[PDB]
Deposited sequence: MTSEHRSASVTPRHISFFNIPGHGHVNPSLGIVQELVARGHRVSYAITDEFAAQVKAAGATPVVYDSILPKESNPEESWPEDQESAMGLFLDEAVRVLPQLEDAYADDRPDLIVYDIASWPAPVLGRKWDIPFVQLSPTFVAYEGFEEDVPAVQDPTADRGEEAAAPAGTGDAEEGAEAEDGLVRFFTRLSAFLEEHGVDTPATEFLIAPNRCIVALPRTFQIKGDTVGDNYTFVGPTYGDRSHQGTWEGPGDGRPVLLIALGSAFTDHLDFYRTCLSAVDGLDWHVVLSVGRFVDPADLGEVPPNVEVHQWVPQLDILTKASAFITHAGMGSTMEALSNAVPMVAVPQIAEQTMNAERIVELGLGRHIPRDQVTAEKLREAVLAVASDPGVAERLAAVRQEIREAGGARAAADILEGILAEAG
């Protein structure tokens, strides 16, 4: 019997993209899927087969170059709280006459447990990044409730007030980091201390789907190796870095696709070498199916798309989460890590050439690609959700 499954997410490609393979699988299985997101993402969600439930957000739009995310967790958590306050009633109104049978929610979609409780329906977290392992709060002490110093006190005070007002008695830190049930969009082997993560998490590897909505990328079709350079969907405002990349690839016998993000006008790079094409935004997944190397910020989505395609990486992280991902890449022998303020043209060139030609890296990428093929993906995730629906 078809059920109504609602996805709650936040307006960022790194949070939305992994969910879409699960949407596509659920729709294929005959379920009615609705998807709470902003207008910016409605067309993409529609293409996946879901009905958008559009809400108004105060979060920085990845399409608006006049605003950006903060780099620090403290500020970001404040933003997600204020957004939760404002989004909660919008979703309650939208679903008033048509409550879902189950909610699948992103790590930052804090209205979900509130409404799951209110509506007495199951709610399952979908994590696009690594989850809390044994001792997590010591490594990431911003999640510890102290009740920048004043800022964290103010945040926890306000978070506790929100939760209590809306009938959630879960202690604040637990609310933030310990979901009752979570489907994780990476394999356990990549997860930091994955062996210490308990059975309320299931690691299914990347869950991205058919991204035909983005269309195809047409390569030169000359047999030359293709390098993708892309720093994700958020922390991309790095003109000097992109100029350094141009110098790095000049005279390289490779085709290069350079994605510069929404903050940088491609014309501000000037004349680019003849082997380079520059865009603000590219069909990254399609290009990664054709690529021989990838200069990446090591966001989890980008990491998992590359690994699914056995593409070696040179990681230049922006925020701490990405540094942790880059360290895992190094530890697993899948690429190189060059910290942001240690980048030069020569270093980038040497790294790309080294990772793309290393037979040991190639062997390890082949192994990891197979692990991902075995992890279960969107099929396993949909199975888990259907098991919950069978009871609910």
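In sequence order, the deposited residues that have no C-alpha coordinates form the ranges 1-10, 158-178, 424.
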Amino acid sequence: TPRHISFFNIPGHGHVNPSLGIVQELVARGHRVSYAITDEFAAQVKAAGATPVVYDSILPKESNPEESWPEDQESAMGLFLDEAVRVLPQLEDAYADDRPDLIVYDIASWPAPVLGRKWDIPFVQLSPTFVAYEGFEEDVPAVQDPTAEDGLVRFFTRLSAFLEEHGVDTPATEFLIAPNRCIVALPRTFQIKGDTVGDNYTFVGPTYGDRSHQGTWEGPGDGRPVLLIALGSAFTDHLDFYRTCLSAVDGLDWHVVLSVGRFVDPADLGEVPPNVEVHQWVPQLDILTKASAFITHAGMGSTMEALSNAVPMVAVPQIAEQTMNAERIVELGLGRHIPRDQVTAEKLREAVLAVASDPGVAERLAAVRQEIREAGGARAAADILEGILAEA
From here on, numbers count along this sequence of modelled residues.
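Of the two stretches examined, 177-185 and 113-121, the record assigns the greater average C-alpha temperature factor to 113-121.
Checked against the record, the higher mean CA B factor of 328-336 and 346-354 lies with 346-354. Remark: of 88, 257, 249, 311, 249 shows the highest value [criterion: C-alpha B-factor in the PDB entry]. The top Cα temperature factor in the record, among 82, 321, 106, 97, falls on 97. Per-chain ranking of the deposited C-alpha B factor places residue 390 in the highest third. Ranked by Cα temperature factor within the chain, residue 130 sits in the lowest third according to the deposited record. The deposited CA B-factor of residue 167 belongs to the highest third of values across its chain.
In the PDB entry, a CA B factor belonging to the lowest third of its chain's modelled residues is recorded for residue 205. Ranked by Cα temperature factor within the chain, residue 373 sits in the highest third according to the deposited record.
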